[PDB]
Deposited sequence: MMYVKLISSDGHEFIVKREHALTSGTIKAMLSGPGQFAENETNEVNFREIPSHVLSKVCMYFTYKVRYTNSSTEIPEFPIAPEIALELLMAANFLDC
């Protein structure tokens, strides 16, 4: 309940705080269906790992009490990351 497991299409398992995963409107609808586990049969680990870093960054930087830094995105992942982000609603 404190953590949830997100599994990529190539079998990588990402364990992240539930509050963080709820950054995704799609994940939120699934948990808030089904277990504390979501399988993404079409998102591979080089994309899902980046999505999880975005969750951490979004939760940390809702306020501007701290200068918000740049979220780096390699050009090589941006097209897939865009599609995953659209699918996840985040």
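Judged by missing C-alpha atoms, the gaps in the deposited chain sequence fall at residues 33-35, 38-41, listed in sequence order.
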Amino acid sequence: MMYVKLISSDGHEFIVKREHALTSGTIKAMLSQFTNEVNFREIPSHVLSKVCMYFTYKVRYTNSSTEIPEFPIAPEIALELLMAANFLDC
From here on, numbers count along this sequence of modelled residues.
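C-alpha atoms forming the largest set that superposes within 1.5 Å between two forms make up the rigid core.
Between 43-51 and 22-30, the larger root mean square Cα shift in 7 other deposited structures of this protein, once each structure is superposed on the rigid core, falls on 22-30. The higher RMS C-alpha distance to the shown form in 7 other deposited structures of this protein, out of 8-16 and 66-74, belongs to 66-74, with every structure fitted on the core. Residue-level annotation: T56 has coordinates in all of the other entries compared, counting only those that model residues on either side of it, so it never reaches the one-third mark. Notably, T35 is an intermittent gap: at least a third of the other compared entries of this protein, restricted to those modelling both its neighbours, have no coordinates for it. Per the PDB record, of the two stretches 78-86 and 6-14, 6-14 carries the greater mean B-factor over its C-alpha atoms. Comparing 22-30 with 47-55, the stretch with the higher mean C-alpha B-factor in the PDB entry is 22-30.
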